[PDB]
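Enquirer: Contents of start36.pdb (PDB, C-alpha atoms):
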```pdb
MODEL        1
ATOM      1  CA  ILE A   4      84.992  87.679  81.176
ATOM      2  CA  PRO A   5      86.948  84.688  82.671
ATOM      3  CA  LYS A   6      84.844  83.651  85.664
ATOM      4  CA  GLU A   7      87.913  82.501  87.606
ATOM      5  CA  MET A   8      89.477  85.962  87.136
ATOM      6  CA  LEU A   9      86.676  87.979  88.755
ATOM      7  CA  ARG A  10      86.887  85.816  91.866
ATOM      8  CA  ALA A  11      90.621  86.473  91.938
ATOM      9  CA  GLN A  12      90.051  90.238  91.727
ATOM     10  CA  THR A  13      87.508  90.151  94.541
ATOM     11  CA  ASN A  14      90.008  88.276  96.730
ATOM     12  CA  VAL A  15      92.838  90.683  95.905
ATOM     13  CA  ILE A  16      90.671  93.653  96.905
ATOM     14  CA  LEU A  17      89.473  92.040 100.130
ATOM     15  CA  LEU A  18      92.919  90.939 101.285
ATOM     16  CA  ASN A  19      93.972  94.548 100.784
ATOM     17  CA  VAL A  20      91.078  95.902 102.814
ATOM     18  CA  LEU A  21      92.158  93.623 105.664
ATOM     19  CA  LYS A  22      95.752  94.653 105.039
ATOM     20  CA  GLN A  23      94.833  98.291 105.686
ATOM     21  CA  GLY A  24      93.268  97.006 108.916
ATOM     22  CA  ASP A  25      90.918  94.583 110.653
ATOM     23  CA  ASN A  26      87.329  95.206 109.543
ATOM     24  CA  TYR A  27      83.734  93.973 109.602
ATOM     25  CA  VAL A  28      81.836  92.845 106.512
ATOM     26  CA  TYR A  29      79.680  95.978 106.382
ATOM     27  CA  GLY A  30      82.731  98.183 106.764
ATOM     28  CA  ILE A  31      84.431  96.167 104.054
ATOM     29  CA  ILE A  32      81.608  96.598 101.548
ATOM     30  CA  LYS A  33      81.347 100.335 102.200
ATOM     31  CA  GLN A  34      85.090 100.830 101.702
ATOM     32  CA  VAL A  35      85.066  98.840  98.437
ATOM     33  CA  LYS A  36      81.997 100.728  97.207
ATOM     34  CA  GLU A  37      83.754 103.967  98.264
ATOM     35  CA  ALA A  38      87.158 103.139  96.759
ATOM     36  CA  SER A  39      85.525 101.945  93.505
ATOM     37  CA  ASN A  40      83.568 105.211  93.317
ATOM     38  CA  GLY A  41      80.457 103.033  93.440
ATOM     39  CA  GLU A  42      81.108 100.615  90.572
ATOM     40  CA  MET A  43      81.721  97.656  92.900
ATOM     41  CA  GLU A  44      79.272  96.945  95.718
ATOM     42  CA  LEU A  45      79.775  93.350  96.814
ATOM     43  CA  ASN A  46      76.801  91.575  98.347
ATOM     44  CA  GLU A  47      77.163  90.237 101.871
ATOM     45  CA  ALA A  48      76.319  86.649 100.970
ATOM     46  CA  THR A  49      79.129  86.233  98.435
ATOM     47  CA  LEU A  50      81.511  87.900 100.891
ATOM     48  CA  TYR A  51      80.661  85.447 103.684
ATOM     49  CA  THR A  52      81.244  82.648 101.158
ATOM     50  CA  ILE A  53      84.682  84.084 100.402
ATOM     51  CA  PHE A  54      85.764  84.731 103.991
ATOM     52  CA  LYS A  55      84.624  81.179 104.732
ATOM     53  CA  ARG A  56      87.264  79.841 102.340
ATOM     54  CA  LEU A  57      89.907  82.150 103.775
ATOM     55  CA  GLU A  58      89.529  81.110 107.421
ATOM     56  CA  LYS A  59      89.401  77.501 106.237
ATOM     57  CA  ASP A  60      92.812  78.191 104.643
ATOM     58  CA  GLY A  61      94.148  80.166 107.627
ATOM     59  CA  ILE A  62      94.689  83.349 105.586
ATOM     60  CA  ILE A  63      92.554  85.352 108.072
ATOM     61  CA  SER A  64      90.915  84.824 111.455
ATOM     62  CA  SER A  65      87.782  86.077 113.182
ATOM     63  CA  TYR A  66      86.824  87.664 116.487
ATOM     64  CA  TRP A  67      84.151  89.888 118.140
ATOM     65  CA  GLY A  68      84.459  93.607 119.165
ATOM     66  CA  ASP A  69      83.172  96.332 121.541
ATOM     67  CA  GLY A  74      76.955  97.547 119.588
ATOM     68  CA  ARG A  75      79.176  94.505 119.065
ATOM     69  CA  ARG A  76      80.436  93.375 115.644
ATOM     70  CA  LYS A  77      82.454  90.479 114.177
ATOM     71  CA  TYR A  78      85.889  91.568 112.921
ATOM     72  CA  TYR A  79      88.268  89.807 110.536
ATOM     73  CA  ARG A  80      92.041  90.046 110.776
ATOM     74  CA  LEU A  81      94.920  89.215 108.452
ATOM     75  CA  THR A  82      97.192  86.470 109.874
ATOM     76  CA  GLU A  83     100.865  85.897 109.002
ATOM     77  CA  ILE A  84      99.829  83.031 106.760
ATOM     78  CA  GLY A  85      97.959  85.849 105.027
ATOM     79  CA  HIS A  86     100.582  88.597 105.295
ATOM     80  CA  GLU A  87     103.258  86.232 103.992
ATOM     81  CA  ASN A  88     101.175  84.760 101.163
ATOM     82  CA  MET A  89     100.276  88.335 100.210
ATOM     83  CA  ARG A  90     103.999  89.122 100.077
ATOM     84  CA  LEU A  91     104.824  85.901  98.207
ATOM     85  CA  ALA A  92     102.177  86.993  95.685
ATOM     86  CA  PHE A  93     103.525  90.490  95.020
ATOM     87  CA  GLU A  94     106.964  89.030  94.342
ATOM     88  CA  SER A  95     105.708  86.229  92.084
ATOM     89  CA  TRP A  96     103.498  88.666  90.114
ATOM     90  CA  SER A  97     106.444  91.069  89.952
ATOM     91  CA  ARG A  98     108.478  88.430  88.139
ATOM     92  CA  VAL A  99     105.566  87.994  85.713
ATOM     93  CA  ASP A 100     105.394  91.708  84.878
ATOM     94  CA  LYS A 101     109.132  91.534  84.231
ATOM     95  CA  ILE A 102     109.003  88.415  82.054
ATOM     96  CA  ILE A 103     106.478  90.221  79.864
ATOM     97  CA  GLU A 104     108.615  93.323  79.442
ATOM     98  CA  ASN A 105     111.540  91.080  78.468
ATOM     99  CA  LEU A 106     109.234  89.538  75.838
ATOM    100  CA  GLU A 107     107.998  92.872  74.481
ATOM    101  CA  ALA A 108     111.571  94.151  74.250
ATOM    102  CA  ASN A 109     112.967  91.023  72.549
ATOM    103  CA  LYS A 110     110.189  91.456  69.986
ATOM    104  CA  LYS A 111     111.741  94.812  69.073
ATOM    105  CA  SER A 112     115.222  93.269  69.014
TER     106      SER A 112
ATOM    107  CA  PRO B   5     100.022  78.197  95.331
ATOM    108  CA  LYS B   6      98.630  76.314  92.311
ATOM    109  CA  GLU B   7      95.672  78.579  91.543
ATOM    110  CA  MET B   8      98.156  81.448  91.188
ATOM    111  CA  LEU B   9     100.848  79.359  89.485
ATOM    112  CA  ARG B  10      98.573  78.176  86.648
ATOM    113  CA  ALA B  11      97.120  81.662  86.300
ATOM    114  CA  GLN B  12     100.577  83.240  86.037
ATOM    115  CA  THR B  13     101.637  80.641  83.492
ATOM    116  CA  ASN B  14      98.538  81.402  81.412
ATOM    117  CA  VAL B  15      99.187  85.157  81.350
ATOM    118  CA  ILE B  16     102.745  84.573  80.151
ATOM    119  CA  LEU B  17     101.808  82.149  77.366
ATOM    120  CA  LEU B  18      99.052  84.379  76.065
ATOM    121  CA  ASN B  19     101.458  87.307  76.030
ATOM    122  CA  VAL B  20     104.018  85.346  73.991
ATOM    123  CA  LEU B  21     101.310  84.611  71.403
ATOM    124  CA  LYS B  22     100.371  88.309  71.342
ATOM    125  CA  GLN B  23     104.020  89.005  70.412
ATOM    126  CA  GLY B  24     103.467  86.623  67.490
ATOM    127  CA  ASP B  25     102.393  83.181  66.402
ATOM    128  CA  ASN B  26     104.936  80.664  67.679
ATOM    129  CA  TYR B  27     105.467  76.909  68.189
ATOM    130  CA  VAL B  28     105.781  75.126  71.513
ATOM    131  CA  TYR B  29     109.579  74.860  71.637
ATOM    132  CA  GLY B  30     109.823  78.475  70.446
ATOM    133  CA  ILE B  31     107.512  79.541  73.270
ATOM    134  CA  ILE B  32     109.536  77.704  75.890
ATOM    135  CA  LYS B  33     112.714  79.357  74.614
ATOM    136  CA  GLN B  34     111.229  82.852  74.786
ATOM    137  CA  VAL B  35     109.872  82.253  78.260
ATOM    138  CA  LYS B  36     113.182  80.794  79.373
ATOM    139  CA  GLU B  37     115.004  83.876  77.985
ATOM    140  CA  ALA B  38     112.567  86.477  79.268
ATOM    141  CA  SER B  39     112.860  84.922  82.728
ATOM    142  CA  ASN B  40     116.624  84.559  82.291
ATOM    143  CA  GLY B  41     116.215  80.856  83.068
ATOM    144  CA  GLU B  42     114.000  81.212  86.132
ATOM    145  CA  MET B  43     110.922  79.703  84.446
ATOM    146  CA  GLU B  44     111.563  76.781  82.107
ATOM    147  CA  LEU B  45     108.280  75.406  80.857
ATOM    148  CA  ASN B  46     107.967  71.708  80.099
ATOM    149  CA  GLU B  47     106.474  70.652  76.788
ATOM    150  CA  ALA B  48     103.581  68.769  78.412
ATOM    151  CA  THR B  49     102.450  71.655  80.589
ATOM    152  CA  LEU B  50     102.015  73.740  77.444
ATOM    153  CA  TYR B  51     100.024  71.061  75.636
ATOM    154  CA  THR B  52      97.826  70.724  78.710
ATOM    155  CA  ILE B  53      97.109  74.462  78.724
ATOM    156  CA  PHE B  54      96.779  74.876  74.947
ATOM    157  CA  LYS B  55      94.108  72.178  74.816
ATOM    158  CA  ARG B  56      91.973  74.082  77.328
ATOM    159  CA  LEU B  57      92.609  77.348  75.482
ATOM    160  CA  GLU B  58      91.879  75.902  72.041
ATOM    161  CA  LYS B  59      88.657  74.349  73.368
ATOM    162  CA  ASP B  60      87.606  77.857  74.412
ATOM    163  CA  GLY B  61      88.524  79.565  71.131
ATOM    164  CA  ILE B  62      91.200  81.593  72.881
ATOM    165  CA  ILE B  63      93.889  80.165  70.562
ATOM    166  CA  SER B  64      93.923  78.007  67.434
ATOM    167  CA  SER B  65      96.665  76.022  65.707
ATOM    168  CA  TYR B  66      98.062  75.428  62.227
ATOM    169  CA  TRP B  67     101.021  73.749  60.471
ATOM    170  CA  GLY B  68     103.952  75.536  58.752
ATOM    171  CA  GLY B  74     110.728  71.094  58.461
ATOM    172  CA  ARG B  75     107.177  71.429  59.812
ATOM    173  CA  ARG B  76     106.043  72.922  63.111
ATOM    174  CA  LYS B  77     102.683  73.278  64.856
ATOM    175  CA  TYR B  78     101.948  76.995  65.236
ATOM    176  CA  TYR B  79      99.611  78.556  67.758
ATOM    177  CA  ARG B  80      97.814  81.817  67.242
ATOM    178  CA  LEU B  81      95.815  84.095  69.454
ATOM    179  CA  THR B  82      92.285  84.341  68.085
ATOM    180  CA  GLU B  83      90.220  87.528  67.937
ATOM    181  CA  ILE B  84      88.355  86.261  71.020
ATOM    182  CA  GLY B  85      91.744  86.002  72.701
ATOM    183  CA  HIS B  86      93.000  89.465  71.821
ATOM    184  CA  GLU B  87      89.573  90.804  72.793
ATOM    185  CA  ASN B  88      89.407  88.914  76.102
ATOM    186  CA  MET B  89      92.998  89.875  76.874
ATOM    187  CA  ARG B  90      92.161  93.539  76.396
ATOM    188  CA  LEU B  91      88.996  93.344  78.493
ATOM    189  CA  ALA B  92      91.173  91.619  81.110
ATOM    190  CA  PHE B  93      94.034  94.136  81.221
ATOM    191  CA  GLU B  94      91.356  96.805  81.705
ATOM    192  CA  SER B  95      89.499  94.939  84.458
ATOM    193  CA  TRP B  96      92.845  94.317  86.233
ATOM    194  CA  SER B  97      93.862  97.956  85.814
ATOM    195  CA  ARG B  98      90.586  98.948  87.457
ATOM    196  CA  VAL B  99      91.498  96.867  90.498
ATOM    197  CA  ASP B 100      94.789  98.724  90.908
ATOM    198  CA  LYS B 101      92.863 101.962  91.387
ATOM    199  CA  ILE B 102      90.243 100.413  93.661
ATOM    200  CA  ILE B 103      93.187  99.401  95.832
ATOM    201  CA  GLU B 104      94.992 102.738  95.674
ATOM    202  CA  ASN B 105      91.693 104.438  96.444
ATOM    203  CA  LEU B 106      91.312 101.976  99.330
ATOM    204  CA  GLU B 107      94.841 102.577 100.632
ATOM    205  CA  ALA B 108      94.343 106.256  99.829
ATOM    206  CA  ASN B 109      91.031 106.516 101.695
ATOM    207  CA  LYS B 110      92.886 105.029 104.675
TER     208      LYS B 110
ENDMDL
END
```
If you convert what's in this file into structure tokens, what do you get?

Expert:
Amino acid sequence: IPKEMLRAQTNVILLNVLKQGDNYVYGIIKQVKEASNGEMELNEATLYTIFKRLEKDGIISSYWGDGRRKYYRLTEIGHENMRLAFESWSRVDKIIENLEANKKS
Amino acid sequence: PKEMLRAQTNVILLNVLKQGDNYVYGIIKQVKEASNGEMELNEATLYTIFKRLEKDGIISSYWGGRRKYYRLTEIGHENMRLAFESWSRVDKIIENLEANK
């Protein structure tokens, strides 16, 4: 329901797609539609809006391939931030378990 | 990263209130203990978040010396369940993505 949370989910998925490898928008949508067994088919226009913010923040970069297609790549700024995230969100999952357990105590 | 820092802080607070109604200093203690001192929330940061959450019906407050108690509303429990599901769905989308690769 929280608008800000769907946008976060869509970023998390995308940054993983690019983590598995460099890709083009069409390839990205197919893979998300495939991996979500069809529930999630992102439209190209919202994607281009999202990748626009990411290059602006240096998380990914762009280039051309080979017909010929435009590919996106995860940079270190991205790889690192994606690592920083997993650790920070690991602490959160742990804080919660410590809460749940102290409730039993 | 602020957008992740405020989000993480919100998830924690709302989980404390799921454990039970509690007052601001009691919430900071629990968070400080559950993080073994890593995350020590300041009183003002809580009041800044609880005002946004109370405006949205996610929590409400009441009085019970005397302390101000915060409670997760039905909307909050509900939204928090809908959320944990929507966030669990992502985990599989990703595994299916990594798995398809």

Enquirer: Mind checking which residues fall within 10 Å of stretch 17-29 of chain A, counting all atoms listed in the file, ignoring those fewer than 6 positions away in the same chain, and posting them as a ChimeraX atom specification?

Expert: /A:11,35,45-48,50-51,53-54,57,62-68,76-82,85-86,89 /B:102-104,106-110

Enquirer: Given all atoms listed in the file, how would the per-residue table for chain A near chain B read, listing every residue at most 6 Å away with its closest atom pair and distance in Å to one decimal, sorted by chain and number, as JSON lines?

Expert:
```
{"residue": "A:38", "atom": "CA", "partner": "B:105", "partner_atom": "CA", "distance": 4.7}
{"residue": "A:39", "atom": "CA", "partner": "B:102", "partner_atom": "CA", "distance": 5.0}
{"residue": "A:102", "atom": "CA", "partner": "B:38", "partner_atom": "CA", "distance": 4.9}
{"residue": "A:105", "atom": "CA", "partner": "B:38", "partner_atom": "CA", "distance": 4.8}
{"residue": "A:106", "atom": "CA", "partner": "B:38", "partner_atom": "CA", "distance": 5.7}
```

Enquirer: When the PyMOL selection byres ((chain B and resi 82) around 10) is applied to the structure above, which residues does it catch, written out as a list in words?

Expert: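 That selection, the PyMOL selection byres ((chain B and resi 82) around 10), comes back as residues 21, 22, 58, 61, 62, 63, 64, 65, 79, 80, 81, 83, 84, 85, 86, 87 and 88 of chain B.
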
Enquirer: As an exercise, work out the distance from atom CA of residue A:109 to atom CA of residue B:52 in Å and give it to one decimal place.

Expert: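 So the two atoms, atom CA of residue A:109 and atom CA of residue B:52, lie 26.1 Å apart.
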